[PDB]
């Protein structure tokens, strides 16, 4: 007769645009989900607009993000993202504590804090993008489902994390549009 629960929060599109329009420095960490949804394009358009608004928007790529080495880099470059704003984990990781908003798009295992928080975890020690250290984190995936490593991710139930559920492309097409309506 045992039980444990977890509480996560979900925000809506409009609320999302606020955090985005309010943040000065943003870091986007894409993963397998962004690929499966083919959301390189909408998120690239969005990043373009936000950058023309004086906002500092950059991507943080995990070495083993997606399903092939440097796969996210290729997809972003195909969408037009400036190679200069696409940084690797080791180069941008120390900037999470100084970031206003981290948009986690279709990523999970690569931003799993259990790597550092749970000693009995199968990914214990594995380097991860420390997104939970920034001010506000918005996780964009279809649910609180697991990733490749089939392991629960603690950042879902963290105070500074908000879940914006839905296909990575539908969501990104929406934010892209609503940010244009600004």
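Positions refer to the first chain, counted from 1.
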query	finding
Stretch with the higher entry mean CA B-factor, where the candidates are 86-94 and 100-108	86-94
38-46 set against 122-130, stretch whose average Cα temperature factor tops the other in the entry	38-46
137, 57, 114, 146, ranked by C-alpha B-factor: the highest one	57
Member of 25, 171, 160, 9 with the greatest C-alpha B factor (per the PDB record)	25
Record-listed C-alpha B factor of residue 79: chain third	highest
